[PDB]
Amino acid sequence: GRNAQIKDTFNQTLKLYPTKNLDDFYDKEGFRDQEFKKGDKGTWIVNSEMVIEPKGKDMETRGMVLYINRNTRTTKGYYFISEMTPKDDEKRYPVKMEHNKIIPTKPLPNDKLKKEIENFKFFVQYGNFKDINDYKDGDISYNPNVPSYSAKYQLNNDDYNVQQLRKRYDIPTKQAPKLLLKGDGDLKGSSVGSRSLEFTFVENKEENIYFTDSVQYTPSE
Ligand SMILES: [Ca+2]
């Protein structure tokens, strides 16, 4: 049924974890459909972000996005910060990635920010998942409109990925998160369709703490 097609496409995403050297993406071809021109080897877009909005404060978002272009074999993007719940207060700090190092291309307003960039690791570089069918009490959702679909699982605080996130980020909640897998576009795949995952620590009306990651192969601009 649709649940098995949803699990299958999501398992294909989980399989990328980990890719510890980002340069390996220069030599990885993802799913190709008719939206790619014959001459375009594609671009991998990697995006990791941590969102922390504690009760009664601003929703602070910090993350990075890299465009790993297989045609140029060069990688550019930015580190971003937002304090808004496109984001109307986003500040982007440009970077490049060479030999698996993140290098700012303009000076930073302060050292804390320069060090966060320099030491940055995308969740694809260190995450590692089980087979999707090994996660426990999954709510699988399917909407034919887009179509869009999701798979939601409850994790435990001793889960390897949860521990890695708590090591690398100061996450102000003790709660074990949900693993939320999200996708849209034809189930077989689409260069225009999305795939993302989320570790949802807290989700309510006045407090939101979550981490999002996406690693996607797309046609180059
Ligand atoms: Ca896609």
# chains A, B, ... in the order shown; residues from 1 in each chain; ligands from 1
>>> residues_around(residues="residue A:124", least_positions_apart="3", cutoff="9 Å", atoms="only C-alpha atoms", output="PyMOL selection string")
chain A and resi 16-20+22+46+48+121+127-128+213-215
>>> select_by_dssp(residues="stretch 2-214 of chain A", states="strand (DSSP E or B)", output="PyMOL selection string")
chain A and resi 43-53+60-69+74-82+91-98+101-104+139-143+148-154+178-184+195-203+208-214
>>> closest_residue(among="A:83, A:184, A:23, A:198", to="residue A:102", atoms="only C-alpha atoms")
A:23
>>> closest_residue(among="A:96, A:205, A:7, A:182", to="ligand 1", atoms="only C-alpha atoms and all ligand atoms")
A:182
>>> select_by_dssp(residues="stretch 12-184 of chain A", states="helix (DSSP H, G or I)", output="MDAnalysis selection string")
chainID A and resid 12:14 22:27 111:118 123:125 132:134 160:168
>>> residues_around(residues="residue A:41", least_positions_apart="2", cutoff="12 Å", atoms="only C-alpha atoms", output="number ranges by chain")
A: 25-32, 35-39, 43-44, 68-73, 217-221
>>> closest_atom_pairs(of="chain A", to="ligand 1", cutoff="9 Å", atoms="only C-alpha atoms and all ligand atoms", output="JSON lines")
{"residue": "A:31", "atom": "CA", "partner": "ligand 1", "partner_atom_place_in_ligand_line": "1 (Ca)", "distance": 7.6}
{"residue": "A:183", "atom": "CA", "partner": "ligand 1", "partner_atom_place_in_ligand_line": "1 (Ca)", "distance": 8.2}
{"residue": "A:184", "atom": "CA", "partner": "ligand 1", "partner_atom_place_in_ligand_line": "1 (Ca)", "distance": 7.9}
{"residue": "A:185", "atom": "CA", "partner": "ligand 1", "partner_atom_place_in_ligand_line": "1 (Ca)", "distance": 7.4}
{"residue": "A:186", "atom": "CA", "partner": "ligand 1", "partner_atom_place_in_ligand_line": "1 (Ca)", "distance": 8.9}
{"residue": "A:189", "atom": "CA", "partner": "ligand 1", "partner_atom_place_in_ligand_line": "1 (Ca)", "distance": 5.8}
{"residue": "A:190", "atom": "CA", "partner": "ligand 1", "partner_atom_place_in_ligand_line": "1 (Ca)", "distance": 4.6}
{"residue": "A:191", "atom": "CA", "partner": "ligand 1", "partner_atom_place_in_ligand_line": "1 (Ca)", "distance": 4.3}
{"residue": "A:192", "atom": "CA", "partner": "ligand 1", "partner_atom_place_in_ligand_line": "1 (Ca)", "distance": 5.3}
{"residue": "A:193", "atom": "CA", "partner": "ligand 1", "partner_atom_place_in_ligand_line": "1 (Ca)", "distance": 3.8}
{"residue": "A:194", "atom": "CA", "partner": "ligand 1", "partner_atom_place_in_ligand_line": "1 (Ca)", "distance": 4.5}
{"residue": "A:195", "atom": "CA", "partner": "ligand 1", "partner_atom_place_in_ligand_line": "1 (Ca)", "distance": 6.1}
{"residue": "A:216", "atom": "CA", "partner": "ligand 1", "partner_atom_place_in_ligand_line": "1 (Ca)", "distance": 6.3}
{"residue": "A:217", "atom": "CA", "partner": "ligand 1", "partner_atom_place_in_ligand_line": "1 (Ca)", "distance": 6.7}
{"residue": "A:218", "atom": "CA", "partner": "ligand 1", "partner_atom_place_in_ligand_line": "1 (Ca)", "distance": 7.0}
>>> write_last_selection(atoms="N, CA and C atoms", output="mmCIF file, in the first residue's frame")
data_model
loop_
_atom_site.group_PDB
_atom_site.id
_atom_site.type_symbol
_atom_site.label_atom_id
_atom_site.label_comp_id
_atom_site.auth_asym_id
_atom_site.auth_seq_id
_atom_site.Cartn_x
_atom_site.Cartn_y
_atom_site.Cartn_z
ATOM 1 N N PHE A 31 18.687 10.782 -7.708
ATOM 2 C CA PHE A 31 17.543 10.448 -8.529
ATOM 3 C C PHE A 31 17.463 11.504 -9.687
ATOM 4 N N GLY A 183 8.019 14.220 3.147
ATOM 5 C CA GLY A 183 8.265 14.261 1.710
ATOM 6 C C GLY A 183 7.077 14.707 0.940
ATOM 7 N N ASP A 184 7.334 15.241 -0.256
ATOM 8 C CA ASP A 184 6.241 15.502 -1.127
ATOM 9 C C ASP A 184 6.640 15.223 -2.585
ATOM 10 N N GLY A 185 5.678 15.337 -3.490
ATOM 11 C CA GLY A 185 5.959 15.027 -4.896
ATOM 12 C C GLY A 185 5.726 13.548 -5.142
ATOM 13 N N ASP A 186 5.775 13.143 -6.395
ATOM 14 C CA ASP A 186 5.478 11.734 -6.723
ATOM 15 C C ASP A 186 6.310 10.765 -5.833
ATOM 16 N N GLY A 189 9.673 9.620 -6.876
ATOM 17 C CA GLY A 189 10.712 10.649 -6.784
ATOM 18 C C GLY A 189 10.462 11.727 -7.809
ATOM 19 N N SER A 190 11.001 12.879 -7.500
ATOM 20 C CA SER A 190 10.949 14.005 -8.345
ATOM 21 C C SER A 190 12.065 14.956 -7.942
ATOM 22 N N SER A 191 12.753 15.471 -8.933
ATOM 23 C CA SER A 191 13.780 16.484 -8.747
ATOM 24 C C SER A 191 13.178 17.779 -8.089
ATOM 25 N N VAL A 192 11.852 17.949 -8.145
ATOM 26 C CA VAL A 192 11.137 19.092 -7.589
ATOM 27 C C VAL A 192 10.479 18.759 -6.280
ATOM 28 N N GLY A 193 10.463 17.466 -5.927
ATOM 29 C CA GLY A 193 9.873 16.948 -4.704
ATOM 30 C C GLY A 193 10.910 17.079 -3.563
ATOM 31 N N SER A 194 10.398 17.211 -2.390
ATOM 32 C CA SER A 194 11.193 17.419 -1.151
ATOM 33 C C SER A 194 11.253 16.188 -0.325
ATOM 34 N N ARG A 195 12.383 16.083 0.369
ATOM 35 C CA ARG A 195 12.686 15.088 1.419
ATOM 36 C C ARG A 195 13.399 15.842 2.577
ATOM 37 N N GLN A 216 19.634 16.913 -0.549
ATOM 38 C CA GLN A 216 18.781 16.742 -1.736
ATOM 39 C C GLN A 216 19.551 17.011 -3.044
ATOM 40 N N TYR A 217 19.257 16.205 -4.041
ATOM 41 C CA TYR A 217 19.952 16.279 -5.342
ATOM 42 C C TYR A 217 18.996 16.947 -6.273
ATOM 43 N N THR A 218 19.447 17.993 -6.911
ATOM 44 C CA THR A 218 18.560 18.842 -7.662
ATOM 45 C C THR A 218 19.229 19.326 -8.923
#
>>> residues_around(residues="residue A:57", least_positions_apart="2", cutoff="12 Å", atoms="only C-alpha atoms", output="MDAnalysis selection string")
chainID A and resid 52:55 59:60 83:85 206:209
>>> decode(residues="stretch 161-198 of chain A", atoms="N, CA, C and O atoms", output="PDB file, in the first residue's frame")
ATOM      1  N   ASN A 161      21.606   9.216  17.455  1.00  0.00           N
ATOM      2  CA  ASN A 161      21.457  10.561  16.802  1.00  0.00           C
ATOM      3  C   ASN A 161      21.086  11.627  17.820  1.00  0.00           C
ATOM      4  O   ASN A 161      21.561  12.725  17.735  1.00  0.00           O
ATOM      5  N   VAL A 162      20.258  11.259  18.812  1.00  0.00           N
ATOM      6  CA  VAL A 162      19.863  12.177  19.835  1.00  0.00           C
ATOM      7  C   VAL A 162      21.063  12.569  20.662  1.00  0.00           C
ATOM      8  O   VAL A 162      21.239  13.726  20.996  1.00  0.00           O
ATOM      9  N   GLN A 163      21.900  11.588  21.011  1.00  0.00           N
ATOM     10  CA  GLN A 163      23.103  11.860  21.752  1.00  0.00           C
ATOM     11  C   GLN A 163      24.050  12.764  20.968  1.00  0.00           C
ATOM     12  O   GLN A 163      24.661  13.721  21.511  1.00  0.00           O
ATOM     13  N   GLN A 164      24.212  12.485  19.688  1.00  0.00           N
ATOM     14  CA  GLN A 164      25.085  13.352  18.853  1.00  0.00           C
ATOM     15  C   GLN A 164      24.528  14.798  18.882  1.00  0.00           C
ATOM     16  O   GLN A 164      25.316  15.739  18.984  1.00  0.00           O
ATOM     17  N   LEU A 165      23.251  14.972  18.710  1.00  0.00           N
ATOM     18  CA  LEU A 165      22.676  16.369  18.731  1.00  0.00           C
ATOM     19  C   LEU A 165      22.905  17.052  20.104  1.00  0.00           C
ATOM     20  O   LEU A 165      23.375  18.147  20.150  1.00  0.00           O
ATOM     21  N   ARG A 166      22.722  16.307  21.217  1.00  0.00           N
ATOM     22  CA  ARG A 166      22.908  16.932  22.499  1.00  0.00           C
ATOM     23  C   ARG A 166      24.374  17.235  22.777  1.00  0.00           C
ATOM     24  O   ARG A 166      24.681  18.171  23.557  1.00  0.00           O
ATOM     25  N   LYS A 167      25.270  16.504  22.138  1.00  0.00           N
ATOM     26  CA  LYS A 167      26.710  16.793  22.272  1.00  0.00           C
ATOM     27  C   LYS A 167      27.109  18.096  21.576  1.00  0.00           C
ATOM     28  O   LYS A 167      27.990  18.861  22.039  1.00  0.00           O
ATOM     29  N   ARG A 168      26.522  18.318  20.404  1.00  0.00           N
ATOM     30  CA  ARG A 168      26.950  19.400  19.554  1.00  0.00           C
ATOM     31  C   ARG A 168      26.180  20.678  19.738  1.00  0.00           C
ATOM     32  O   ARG A 168      26.647  21.742  19.327  1.00  0.00           O
ATOM     33  N   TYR A 169      24.970  20.574  20.311  1.00  0.00           N
ATOM     34  CA  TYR A 169      24.096  21.742  20.543  1.00  0.00           C
ATOM     35  C   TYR A 169      23.666  21.780  22.046  1.00  0.00           C
ATOM     36  O   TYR A 169      23.576  20.727  22.693  1.00  0.00           O
ATOM     37  N   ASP A 170      23.400  22.973  22.552  1.00  0.00           N
ATOM     38  CA  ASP A 170      22.886  23.192  23.911  1.00  0.00           C
ATOM     39  C   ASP A 170      21.363  23.229  23.724  1.00  0.00           C
ATOM     40  O   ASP A 170      20.802  24.184  23.209  1.00  0.00           O
ATOM     41  N   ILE A 171      20.737  22.105  23.986  1.00  0.00           N
ATOM     42  CA  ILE A 171      19.313  21.942  23.734  1.00  0.00           C
ATOM     43  C   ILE A 171      18.620  22.008  25.110  1.00  0.00           C
ATOM     44  O   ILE A 171      18.742  21.093  25.854  1.00  0.00           O
ATOM     45  N   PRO A 172      17.848  23.080  25.383  1.00  0.00           N
ATOM     46  CA  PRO A 172      17.249  23.315  26.717  1.00  0.00           C
ATOM     47  C   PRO A 172      15.951  22.553  27.004  1.00  0.00           C
ATOM     48  O   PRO A 172      14.919  23.184  27.292  1.00  0.00           O
ATOM     49  N   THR A 173      15.968  21.234  26.816  1.00  0.00           N
ATOM     50  CA  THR A 173      14.887  20.418  27.160  1.00  0.00           C
ATOM     51  C   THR A 173      15.452  19.009  27.382  1.00  0.00           C
ATOM     52  O   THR A 173      16.382  18.549  26.691  1.00  0.00           O
ATOM     53  N   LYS A 174      14.888  18.300  28.340  1.00  0.00           N
ATOM     54  CA  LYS A 174      15.315  16.944  28.625  1.00  0.00           C
ATOM     55  C   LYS A 174      14.526  15.918  27.845  1.00  0.00           C
ATOM     56  O   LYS A 174      14.827  14.720  27.944  1.00  0.00           O
ATOM     57  N   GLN A 175      13.524  16.369  27.084  1.00  0.00           N
ATOM     58  CA  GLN A 175      12.549  15.465  26.422  1.00  0.00           C
ATOM     59  C   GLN A 175      13.195  14.695  25.232  1.00  0.00           C
ATOM     60  O   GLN A 175      13.919  15.298  24.465  1.00  0.00           O
ATOM     61  N   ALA A 176      12.962  13.384  25.151  1.00  0.00           N
ATOM     62  CA  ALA A 176      13.371  12.565  24.024  1.00  0.00           C
ATOM     63  C   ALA A 176      12.567  13.062  22.817  1.00  0.00           C
ATOM     64  O   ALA A 176      11.364  13.254  22.948  1.00  0.00           O
ATOM     65  N   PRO A 177      13.220  13.283  21.683  1.00  0.00           N
ATOM     66  CA  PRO A 177      12.418  13.782  20.558  1.00  0.00           C
ATOM     67  C   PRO A 177      11.707  12.738  19.675  1.00  0.00           C
ATOM     68  O   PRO A 177      11.977  11.537  19.769  1.00  0.00           O
ATOM     69  N   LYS A 178      10.785  13.214  18.863  1.00  0.00           N
ATOM     70  CA  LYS A 178      10.201  12.464  17.751  1.00  0.00           C
ATOM     71  C   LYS A 178      11.157  12.567  16.568  1.00  0.00           C
ATOM     72  O   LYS A 178      11.876  13.619  16.367  1.00  0.00           O
ATOM     73  N   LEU A 179      11.189  11.533  15.748  1.00  0.00           N
ATOM     74  CA  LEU A 179      11.836  11.597  14.412  1.00  0.00           C
ATOM     75  C   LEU A 179      10.720  11.744  13.402  1.00  0.00           C
ATOM     76  O   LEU A 179       9.758  10.890  13.393  1.00  0.00           O
ATOM     77  N   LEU A 180      10.672  12.877  12.675  1.00  0.00           N
ATOM     78  CA  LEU A 180       9.623  13.118  11.724  1.00  0.00           C
ATOM     79  C   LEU A 180      10.256  13.132  10.314  1.00  0.00           C
ATOM     80  O   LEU A 180      11.166  13.966  10.019  1.00  0.00           O
ATOM     81  N   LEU A 181       9.815  12.233   9.471  1.00  0.00           N
ATOM     82  CA  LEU A 181      10.282  12.176   8.086  1.00  0.00           C
ATOM     83  C   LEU A 181       9.170  12.778   7.219  1.00  0.00           C
ATOM     84  O   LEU A 181       7.983  12.431   7.392  1.00  0.00           O
ATOM     85  N   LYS A 182       9.558  13.656   6.283  1.00  0.00           N
ATOM     86  CA  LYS A 182       8.603  14.378   5.472  1.00  0.00           C
ATOM     87  C   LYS A 182       9.016  14.345   4.007  1.00  0.00           C
ATOM     88  O   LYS A 182      10.183  14.450   3.687  1.00  0.00           O
ATOM     89  N   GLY A 183       8.019  14.220   3.147  1.00  0.00           N
ATOM     90  CA  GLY A 183       8.265  14.261   1.710  1.00  0.00           C
ATOM     91  C   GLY A 183       7.077  14.707   0.940  1.00  0.00           C
ATOM     92  O   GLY A 183       5.922  14.625   1.428  1.00  0.00           O
ATOM     93  N   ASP A 184       7.334  15.241  -0.256  1.00  0.00           N
ATOM     94  CA  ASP A 184       6.241  15.502  -1.127  1.00  0.00           C
ATOM     95  C   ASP A 184       6.640  15.223  -2.585  1.00  0.00           C
ATOM     96  O   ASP A 184       7.810  14.943  -2.871  1.00  0.00           O
ATOM     97  N   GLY A 185       5.678  15.337  -3.490  1.00  0.00           N
ATOM     98  CA  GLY A 185       5.959  15.027  -4.896  1.00  0.00           C
ATOM     99  C   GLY A 185       5.726  13.548  -5.142  1.00  0.00           C
ATOM    100  O   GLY A 185       5.490  12.765  -4.217  1.00  0.00           O
ATOM    101  N   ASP A 186       5.775  13.143  -6.395  1.00  0.00           N
ATOM    102  CA  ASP A 186       5.478  11.734  -6.723  1.00  0.00           C
ATOM    103  C   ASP A 186       6.310  10.765  -5.833  1.00  0.00           C
ATOM    104  O   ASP A 186       7.520  10.950  -5.608  1.00  0.00           O
ATOM    105  N   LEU A 187       5.654   9.718  -5.349  1.00  0.00           N
ATOM    106  CA  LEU A 187       6.324   8.759  -4.417  1.00  0.00           C
ATOM    107  C   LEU A 187       7.606   8.103  -4.914  1.00  0.00           C
ATOM    108  O   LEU A 187       8.499   7.819  -4.110  1.00  0.00           O
ATOM    109  N   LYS A 188       7.657   7.853  -6.210  1.00  0.00           N
ATOM    110  CA  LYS A 188       8.837   7.327  -6.936  1.00  0.00           C
ATOM    111  C   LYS A 188      10.016   8.358  -6.981  1.00  0.00           C
ATOM    112  O   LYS A 188      11.217   8.027  -7.118  1.00  0.00           O
ATOM    113  N   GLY A 189       9.673   9.620  -6.876  1.00  0.00           N
ATOM    114  CA  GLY A 189      10.712  10.649  -6.784  1.00  0.00           C
ATOM    115  C   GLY A 189      10.462  11.727  -7.809  1.00  0.00           C
ATOM    116  O   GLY A 189       9.714  11.545  -8.761  1.00  0.00           O
ATOM    117  N   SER A 190      11.001  12.879  -7.500  1.00  0.00           N
ATOM    118  CA  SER A 190      10.949  14.005  -8.345  1.00  0.00           C
ATOM    119  C   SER A 190      12.065  14.956  -7.942  1.00  0.00           C
ATOM    120  O   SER A 190      12.326  15.209  -6.739  1.00  0.00           O
ATOM    121  N   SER A 191      12.753  15.471  -8.933  1.00  0.00           N
ATOM    122  CA  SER A 191      13.780  16.484  -8.747  1.00  0.00           C
ATOM    123  C   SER A 191      13.178  17.779  -8.089  1.00  0.00           C
ATOM    124  O   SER A 191      13.912  18.547  -7.499  1.00  0.00           O
ATOM    125  N   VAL A 192      11.852  17.949  -8.145  1.00  0.00           N
ATOM    126  CA  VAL A 192      11.137  19.092  -7.589  1.00  0.00           C
ATOM    127  C   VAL A 192      10.479  18.759  -6.280  1.00  0.00           C
ATOM    128  O   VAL A 192       9.935  19.629  -5.630  1.00  0.00           O
ATOM    129  N   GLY A 193      10.463  17.466  -5.927  1.00  0.00           N
ATOM    130  CA  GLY A 193       9.873  16.948  -4.704  1.00  0.00           C
ATOM    131  C   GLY A 193      10.910  17.079  -3.563  1.00  0.00           C
ATOM    132  O   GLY A 193      12.148  17.082  -3.808  1.00  0.00           O
ATOM    133  N   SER A 194      10.398  17.211  -2.390  1.00  0.00           N
ATOM    134  CA  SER A 194      11.193  17.419  -1.151  1.00  0.00           C
ATOM    135  C   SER A 194      11.253  16.188  -0.325  1.00  0.00           C
ATOM    136  O   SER A 194      10.314  15.408  -0.319  1.00  0.00           O
ATOM    137  N   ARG A 195      12.383  16.083   0.369  1.00  0.00           N
ATOM    138  CA  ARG A 195      12.686  15.088   1.419  1.00  0.00           C
ATOM    139  C   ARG A 195      13.399  15.842   2.577  1.00  0.00           C
ATOM    140  O   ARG A 195      14.400  16.554   2.355  1.00  0.00           O
ATOM    141  N   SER A 196      12.895  15.693   3.791  1.00  0.00           N
ATOM    142  CA  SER A 196      13.557  16.302   4.995  1.00  0.00           C
ATOM    143  C   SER A 196      13.291  15.408   6.211  1.00  0.00           C
ATOM    144  O   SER A 196      12.437  14.466   6.197  1.00  0.00           O
ATOM    145  N   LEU A 197      14.094  15.591   7.235  1.00  0.00           N
ATOM    146  CA  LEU A 197      13.799  14.940   8.503  1.00  0.00           C
ATOM    147  C   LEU A 197      13.884  15.908   9.596  1.00  0.00           C
ATOM    148  O   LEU A 197      14.607  16.950   9.498  1.00  0.00           O
ATOM    149  N   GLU A 198      13.193  15.621  10.688  1.00  0.00           N
ATOM    150  CA  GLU A 198      13.160  16.537  11.824  1.00  0.00           C
ATOM    151  C   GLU A 198      13.256  15.710  13.176  1.00  0.00           C
ATOM    152  O   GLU A 198      12.694  14.605  13.269  1.00  0.00           O
TER     153      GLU A 198
END
